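Novice: Opening with a subset of the complex:
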Amino acid sequence: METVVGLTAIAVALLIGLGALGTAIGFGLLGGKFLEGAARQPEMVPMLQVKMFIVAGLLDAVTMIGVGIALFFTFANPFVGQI
Amino acid sequence: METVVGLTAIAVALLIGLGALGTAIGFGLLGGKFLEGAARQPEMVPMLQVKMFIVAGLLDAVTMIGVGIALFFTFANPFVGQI
Amino acid sequence: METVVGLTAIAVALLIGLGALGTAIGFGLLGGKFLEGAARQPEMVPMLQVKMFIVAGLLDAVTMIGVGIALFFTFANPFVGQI
Amino acid sequence: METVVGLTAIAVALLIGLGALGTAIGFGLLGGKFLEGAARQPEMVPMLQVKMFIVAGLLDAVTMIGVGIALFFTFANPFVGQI
Amino acid sequence: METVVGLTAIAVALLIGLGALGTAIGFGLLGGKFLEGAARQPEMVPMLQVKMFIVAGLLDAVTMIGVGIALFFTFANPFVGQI
Amino acid sequence: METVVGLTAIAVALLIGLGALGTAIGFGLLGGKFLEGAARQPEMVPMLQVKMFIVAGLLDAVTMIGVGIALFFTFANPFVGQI
Amino acid sequence: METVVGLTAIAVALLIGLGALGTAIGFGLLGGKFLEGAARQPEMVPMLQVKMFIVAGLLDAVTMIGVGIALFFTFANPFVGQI
Amino acid sequence: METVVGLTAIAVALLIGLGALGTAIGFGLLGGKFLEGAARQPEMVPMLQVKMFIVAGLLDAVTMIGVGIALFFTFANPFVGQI
Amino acid sequence: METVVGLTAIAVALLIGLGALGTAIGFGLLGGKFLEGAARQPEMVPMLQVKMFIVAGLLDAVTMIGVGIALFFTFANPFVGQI
Amino acid sequence: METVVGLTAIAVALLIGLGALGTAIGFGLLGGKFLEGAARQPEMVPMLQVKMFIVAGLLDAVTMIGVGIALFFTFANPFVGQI
């Protein structure tokens, strides 16, 4: 029993840690270009903000799936019942 | 029975976590240049946006197979019946 | 059989997970340059879109071999038959 | 119990360590573009700084969820009460 | 034999997966520069496309050796010999 | 005890090591833009410096929360008290 | 002889896998700059191609030692004897 | 007791190794911008060199906390006392 | 005996594998700038080539130390004599 | 005894191999910018070469400490004496 429960804590750490690593770097890359565009044209900032939010939805999509499967493995673990 | 179910919890965290890491960095790269092009050509944003969605479909193609296989291993484990 | 079957789940997660990671970052790099070119010269877009698909075939080639070997190790097993 | 508690210490280090790695690189990328924009347009600096903090919230969002769950696994333990 | 056989399944996953990861990022870097060069010089595209295929032969050289050795370890096995 | 204590030395090395890796790459990206800004505008050096040290507080926050929990695990132990 | 041989299959995968990964990313960087130079001045291509092959020798030199050692451990085995 | 002593050697290697990796990549980024700035204007070199060392104190901060703790784990040992 | 010999094969693979990975990435960064300089200033290529070989010796210094130590471990394991 | 001896061989590969990776990427980044300045300003070469060797001393600083603690671990052993 102890192995499954112990290896489910490592699974949760990887699902949230790998997601956090990618999301942080992805917004550093996307947001940097948003500042470059805002500095070039301060007249287009209202339009650039909504376009950045369209991309932000795509960037975090799989990260949000992983963080929902990690809070499911934490509360009412699906693999404990299998054994 | 316990090692196969413990190791399949880590297989699910690798499938979703590596996909989440890559797609978050990938959209940061793709989306960063979409905002740069929108700041250079304010009138081309409706043309650049449809081209960004064509690339978005290629960028997430293998990642969607990864989460599809990960949720199949979580609810219908295919390895627990092979021992 | 138990450890060979348990280590085949991790082998499948690494084949699909590393492939998903590389393909998302690769299309993020190839894609950003396509949008940069499309904003700069909109008359070249028809040619640049055809040239992008020639690269997209080379980019996914080894990733698709990896996904093909991972599905083979999941619905069949060449290691279990070796004891 | 000694394996669940020992694997939890590694899960906690992996949650915060990957978040630290991601946010440090993400802010290096975001902040580097803020200094680039501040040098070209010193009149825009107060506007650019407000837009930089809007992005900073998106960059650390998932990382914070990770450190919140990490502290929760040290002072409480949802795995030890499931054995 | 069960540990040798199960560790050749991870050897094969590492050997195809690390190759897929490198080849996807490598072609994203090469292809993104090909689109940039093709937009800059439309009359040089026939020459640039042939030069891209010279580099593609160097880029995949070790990746093809890795896929070849991984298929050799899957259908034959220099380790089941225990020699 | 021997595993819970020996897997806390690996926990400590990942909390300080992944933070040491991300802060040395983050300050090298941030600093590379500060030195170019200092060349593009020699008269802006005192302003660019105070703004760089504001970003530095955001860049090291999660890393410094990890050097604290790592020191807390090295001279106290919240896991050993759970047997 | 089941531990020494098994861990030798992992060693061979790391040697060719890390070599394949580095060589593919290295040629993406080197070759992307060859195409950039070839597009800037089309008459310099004969010289740039010869200069690229000189660098290709420095780039692959260590990967070739890694492939040589990996094929040495596959067909012969120094660590099998050492016992 | 051998697990605590063996895992301290790995903790020392990860704690020094992740600092050796981050400091070499982080200063190669900063150093390149310093040489580029020196080429743009050799009149500002004494000032730019002083600014580079001011950032060098922020970049190498946490990497020395790990080199100090690692050298404190090789000669002294806070984990052996804890049993 | 097997654990010392088996872990030595993996130590060998880590030394030449991490050295192969870093030198190929580093010589593509270095060589990519050699080709960029040669396309822009073809009369300076004899000087740039000599300056590049001076950075090549610095880039391969710690990697050749690792290759020498790896061959020493394979043909003269210094750990088998330590019980 | 065998676990301390085998796990110190893996600690030497992490100390010398992770430093080899960093030193090779760091010198490709710093020397690429040196060859860029020597083409732009062929008269500043003698001065830029000296400033590059100063920064080289900062890059190869924590790597030489780790290459020296790893030769201390192969010819002496602070862990073996601790039983």
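Specialist: Perfect, I can see it now. Residues are numbered from 1 along each chain as shown, chains lettered A, B, ... in the order given.
Novice: can you give me how far the longest helix belonging to chain A is from the chain middle?
Specialist: What stands out as the longest helix in chain A, according to DSSP state H, is helix A:2-40. With CA atoms, centre = their mean, to the nearest Å as the basis, helix A:2-40 stands 5 Å off its chain's centre.
Novice: just stretch A:76-83 next, same as before
Specialist: On CA atoms, centre = their mean, the centre of stretch A:76-83 falls 25 Å from that of its chain.
Novice: Could you pull out the buried residues of that stretch?
Specialist: A:77-79, A:82 (16 or more other CB atoms under 10 Å in any protein chain shown). Heads up, the C-betas are built off the backbone N, CA and C, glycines and all.
Novice: quick one on the thing from earlier: contacts (any at all) between chain B and the longest helix of chain A?
Specialist: Yes. Using CB under 8 Å from any CB of the partner chain, helix A:2-40 reaches chain B at A:3-4, A:6-8, A:10-12, A:14-15, A:17-19, A:21-23, A:25-30, A:32-34, A:36-38, A:40.
Novice: other SSEs contacting that helix?
Specialist: helix A:45-74, helix A:78-82, helix B:2-40, helix D:2-40, helix D:45-75 (3 or more CB pairs under 8 Å, 6 or more residues apart in numbering or on different chains; DSSP states H and E).
Novice: Let me know the angle separating that helix from helix D:45-75.
Specialist: 170 degrees (axes from the mean of the first three to the mean of the last three CA atoms, to 10 degrees).
Novice: Spit out the contact partners of the residue of chain A found nearest chain J.
Specialist: Closest to chain J within chain A is residue A:25: 17.1 Å, counting by CB to the nearest CB. With contact set as CB atoms under 8 Å, 6 or more residues apart in numbering or on different chains, residue A:25 has these partners: B:24-25, B:28, D:22, D:25-26, D:29.
Novice: re earlier: filter the residues of helix A:2-40 next to chain B down to the buried ones.
Specialist: Buried among the residues of helix A:2-40 next to chain B (16+ other CB under 10 Å): A:3-4, A:6-8, A:10-12, A:14-15, A:17-19, A:21-23, A:25-30, A:32-34, A:36-38, A:40.
Novice: How about the contacts made by residue A:83?
Specialist: Neighbours of residue A:83 in contact, by CB under 8 Å, 6+ apart: A:1, A:4, B:1-2, B:5.
Novice: of these, buried ones?
Specialist: A:4, B:2, B:5.
Novice: Pick the one among the residues you listed closest to residue D:50.
Specialist: residue A:4 (48.5 Å; CB to CB).
Novice: With adjacent residues omitted, what lies nearest to the closest one?
Specialist: residue B:6 (4.7 Å; CB to CB, 6 or more residues apart in numbering or on different chains).
Novice: include chain K as well:
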Amino acid sequence: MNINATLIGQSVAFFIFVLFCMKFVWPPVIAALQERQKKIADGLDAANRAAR
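Specialist: Adding chain K to the chains above:
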């Protein structure tokens, strides 16, 4: 090694040296520094008045 002791002692000792410097050391040095600048300013101004 890390043991928490003498934290309040060093905290109080720092304020004592800071306020001493603020009252006794800092004001006289700035006054003497300004006098040279004022004397040189008067000298350069007086040279301009002589020509004017």
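Novice: please look at the buried residues of stretch A:76-83 again, because chain K has been put in.
Specialist: So stretch A:76-83, judged by 16+ other CB under 10 Å, has buried residues A:77-79, A:82.
Novice: Could you take these and lay them out as JSON lines, with extra columns for distance to chain D?
Specialist: Compiled in JSON lines, the buried residues of stretch A:76-83 are given as follows (distance: CB to the nearest CB, whole Å):
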{"residue": "A:77", "distance to chain D": "6"}
{"residue": "A:78", "distance to chain D": "12"}
{"residue": "A:79", "distance to chain D": "11"}
{"residue": "A:82", "distance to chain D": "14"}
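Novice: Keep the residues you listed, but drop any that are not near chain I.
Specialist: Answer for those near chain I: none qualify (CB under 8 Å from any CB).
Novice: Those residues into CSV, with extra columns for distance to residue E:64?
Specialist: Formatted as CSV, those follow (distance: CB to CB, whole Å):
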residue, distance to residue E:64
A:77, 43
A:78, 40
A:79, 38
A:82, 40
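Novice: Pick the one among those residues closest to chain I.
Specialist: Distance to chain I, by CB to the nearest CB, is smallest for residue A:79 among the buried residues of stretch A:76-83, at 29.7 Å.
Novice: Among the buried residues of stretch A:76-83, which one sits closest to residue D:63?
Specialist: Of all these, residue D:63 sits closest to residue A:77, with 24.5 Å by CB to CB.
Novice: residues in contact with the nearest residue to the closest one once chain neighbours are set aside?
Specialist: Nearest residue to residue A:77 in three dimensions, chain neighbours excluded: residue A:8, at 5.8 Å (CB to CB, 6+ apart). Residues near residue A:8 by CB under 8 Å, 6+ apart: A:73, A:77, A:79-80, B:6, B:9, D:79.
Novice: Check the burial of the residue in chain K that chain H sits nearest to by counting its neighbours.
Specialist: Of all residues in chain K, residue K:1 sits closest to chain H, at 7.5 Å by CB to the nearest CB. Neighbourhood size, residue K:1 [other CB atoms under 10 Å in any protein chain shown]: 6.
Novice: Name the SS class of it, please.
Specialist: Classification of residue K:1 using DSSP: H, G, I helix; E, B strand; the rest coil returns coil.
Novice: do you know how far it is from chain G?
Specialist: Distance of residue K:1 to chain G, given as CB to the nearest CB, to the nearest Å: 38 Å.
Novice: Quick check: the gap between that residue and residue H:75.
Specialist: Going from residue K:1 to residue H:75 by CB to CB, to the nearest Å gives 12 Å.
Novice: Quick check: residues of chain K near chain H?
Specialist: For chain K, the contact set with chain H under CB under 8 Å from any CB comprises residue K:1.
Novice: Write out the residues of chain K neighbouring chain E.
Specialist: Close to chain E, as judged by CB under 8 Å from any CB, chain K has no residues.
Novice: and chain L on top of that:
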Amino acid sequence: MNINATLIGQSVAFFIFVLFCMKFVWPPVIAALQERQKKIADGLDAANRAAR
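Specialist: Just below you will find chain L, in place on the chains above:
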């Protein structure tokens, strides 16, 4: 020896370090301080001449 050796080894290294330190670190600092000492005297001369 041990403590006897470590004591002579440390002191020999320190002597070698102090030798170069007072030959290459101290003299340039003194020259920079003496340069400021000559600059305040030459600057004050003009303010003395203005009264004439």
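Novice: Repeat for the buried residues of stretch A:76-83, accounting for chain L.
Specialist: Buried-residue list, stretch A:76-83, by 16+ other CB under 10 Å: A:77-79, A:82.
Novice: Enumerate every residue touching the closest residue to chain K within chain A.
Specialist: Using CB to the nearest CB, the point where chain A gets nearest to chain K is residue A:13, with a distance of 26.6 Å. Going by CB under 8 Å, 6+ apart, residue A:13 touches D:10-12, D:14-15.
Novice: Could you export these to a markdown table, including columns for distance to residue C:69?
Specialist: What follows is those, written out as a markdown table (distance: CB to CB, whole Å):
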| residue | distance to residue C:69 |
| --- | --- |
| D:10 | 30 |
| D:11 | 31 |
| D:12 | 35 |
| D:14 | 28 |
| D:15 | 32 |
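Novice: Closest to residue K:10 out of these?
Specialist: Once CB to CB is applied, the member of the contacts of residue A:13 that ends up nearest residue K:10 is residue D:12, at 32.0 Å.
Novice: Help me confirm that that closest one comes into contact with residue F:11.
Specialist: Yes. Taking contacts as CB atoms under 8 Å, residue D:12 lies within contact range of residue F:11: 6.6 Å.
Novice: Surely residue A:5 is in contact with residue A:77?
Specialist: Yes. Here residue A:5 reaches residue A:77: they are 7.4 Å apart, a contact under CB under 8 Å.
Novice: Can you work out which residues contact both of the two?
Specialist: Each of residue D:82 lies in contact with both residue A:5 and residue A:77 under the rule CB under 8 Å, 6+ apart.
Novice: Tell me how far the residue of chain A closest to chain K lies from chain F.
Specialist: Residue A:13 is 10 Å from chain F, by CB to the nearest CB.
Novice: With residue A:19 instead?
Specialist: Distance, residue A:19 to chain F, by CB to the nearest CB: 15 Å.
Novice: what's near enough to touch the residue lying closest to that residue once chain neighbours are set aside?
Specialist: Spatial nearest neighbour of residue A:19, excluding adjacent residues (CB to CB, 6+ apart): residue A:63 at 4.0 Å. Residue A:63 makes contact with A:19-20, A:22-23, B:20, B:23-24, D:62 under the criterion CB under 8 Å, 6+ apart.
Novice: let's see it at 7 Å
Specialist: By CB atoms under 7 Å, 6 or more residues apart in numbering or on different chains, the residues touching residue A:63 are A:19, A:22-23, B:20, B:24, D:62.
Novice: Grab the nearest non-local neighbour of the residue in chain K positioned nearest to chain B.
Specialist: Minimum separation of chain K from chain B (CB to the nearest CB) falls at residue K:2, amounting to 34.3 Å. Leaving aside its sequence neighbours, residue K:2 sits nearest to residue F:75 (CB to CB, 6+ apart; 5.2 Å).
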